[PDB]
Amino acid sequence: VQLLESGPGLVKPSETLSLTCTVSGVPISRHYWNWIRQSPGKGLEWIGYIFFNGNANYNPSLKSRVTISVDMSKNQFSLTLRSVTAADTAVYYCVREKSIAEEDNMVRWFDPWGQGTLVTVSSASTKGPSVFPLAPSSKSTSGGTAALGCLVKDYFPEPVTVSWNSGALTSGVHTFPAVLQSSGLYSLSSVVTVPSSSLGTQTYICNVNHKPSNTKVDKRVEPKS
């Protein structure tokens, strides 16, 4: 069972937030499906559940603004959240509900969870990133290891994701927290530390994705050496 959230990362105040979860590996009719969110730095907040026969309930705080629905033909379920404000900026998770039929009470829990989609509620427009290589200079090797990286400048909203060599390079990879600048735009760096001997025989490419602006960059990072 794999759950794949999708939908805009940016919603203007008073507009409607719409997200969709595509389910593969099981029929959408087999399980109860829930949405959860987490405001940045805060705890987990339950939104609601749906079942394909129409059974639903919601967080009472959200009940008057929220609908969850199922699309049988595409094996999807969706969240609709009306009249959003900045209070609705959050990472939104779609989850499969598991349950055990024990008569007394309800045994209901969540497994698995989607990866989460950050939705930022803002009147500001989307801005795509510019990517610059952080190339190992003639003096930057540190013994037997060398760091290289990518600088991802001036995007909005979050997030950008960075992989290296299409995900084949994971050891030593670190993507830093984004810096919110005085301009209101974000920037971040991503680095990988590799054996110094590999700079002469291995290609390094940072794969930058900024879904809100539909931008993808594959940036070769060439050692100066």
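Each residue number is its position in the shown sequence, starting from 1.
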query: Between 27-35 and 159-167 (mean CA B-factor, as deposited), the higher; finding: 27-35
query: Between the two ranges 93-101 and 110-118, the one averaging a larger CA B factor in the entry; finding: 93-101
query: Residue with maximal Cα B-factor (values as given in the PDB entry) among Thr85, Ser73, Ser78, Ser130; finding: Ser73
query: Largest Cα B-factor, entry values, listed residues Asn57, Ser189, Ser182, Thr67; finding: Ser182
query: Third of the chain's Cα B-factor distribution that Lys224 belongs to, per the entry; finding: highest
query: Chain third (lowest, middle, highest) by recorded CA B-factor, residue given as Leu199; finding: highest
query: CA B-factor ranking of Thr215, expressed as a third of its chain; finding: lowest
query: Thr16 - which third its CA temperature factor falls in, relative to the rest of the chain; finding: middle
query: Ranked C-alpha temperature factor of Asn209 among modelled chain residues, by third; finding: middle
